[PDB]
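Have a look below at one chain only, the form deposited in one PDB entry, in structure tokens format.
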């Protein structure tokens, strides 16, 4: 289990759409203690997004089936299956959050890295919050918001408005306001100013990042249109 070997295996697993393997590879890479490159960071991020994503997708289907059933035998099955999916989901989120606290955030030598990992921390507490019961929830929601907020402040100070990480943070942070806090108003103003400040930046883009930035801008505006129908 060499660093290059594990990264190469992670890229193979990605092409094979075998995301558990991919996450396992990048988990052990992260655990070697060294600061991840841009490439590795993205591989870790993509792997766990897919690993949690599958459970989040399943959770929403099973949860909706539980809510649409009017007897006790069928509901208790949907309920028990939701709870099985929930524990898998929490195990995965806590894996990622542990990696973030122990290795990734401490070793982040640049503002880019810092913001990226703090956004990631916000995301995985937000996924725990989607699934929270209510007592633990308020504490989960505050962790998410603190992570996003610290990231938001570093991004404003240290990155241009058209930077894909800054735009991506705005998108996710706005989704957090809408879906976790239930504030359409805060979600809209966050998304709007991110879009408008990016539109205003004149030739701030570069040949590498322009495709991702303009795509996230489109996703910001899509949310604005949806949220004021």
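Positions refer to the first chain, counted from 1. Shifts are known only where both forms have a C-alpha. Basically, rigid core = biggest C-alpha set you can superpose within 1.5 Å across the two forms.
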Entries skipping residue 147: at least a third of other ones: no
Absent coordinates for residue 71 in a third or more of other compared entries: yes
How many residues that are in the deposited sequence but not in the model lie between residue 70 and residue 71: none, 1 to 3, 4 to 9, or 10 or more? 1 to 3
Tell me which stretch, 151-159 or 128-136, has the higher mean Cα B-factor listed in the entry. 128-136
Got a sec? Mean C-alpha B-factor, which is higher, 196-204 or 25-33? 196-204
Based on the entry's values, in what third of the chain does the Cα temperature factor of residue 15 lie: lowest, middle or highest? middle
Third of chain Cα B-factors occupied by residue 188: middle
Can you tell me whether residue 54 has a C-alpha B-factor in the lowest, middle or highest third compared with the other modelled residues of the same chain? lowest
On the chain's distribution of Cα B-factors, residue 167 falls within the third called lowest
Residue 78: CA B-factor among chain residues, third -> highest
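Missing here is the form deposited in another entry; even so, the following discussion is about that form.
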Per-residue C-alpha change between the shown form and the other one, residue 218, threshold 2 Å, rigid core fit: no
Superposing on the rigid core, is the Cα displacement of residue 205 between the shown form and the other one 2 Å or more? yes
Quick one: residue 122 and residue 204 C-alpha atoms, closer or farther in that other deposited form compared with this form (3 angstroms or more)? farther
Direction of Cα pair change residue 209-residue 113 in that other deposited form, magnitude 3 angstroms or more: farther
Stretches of at least 3 common residues between the shown form and the other one with C-alpha displacement of 2 Å or more post rigid core fit fall at 202-209
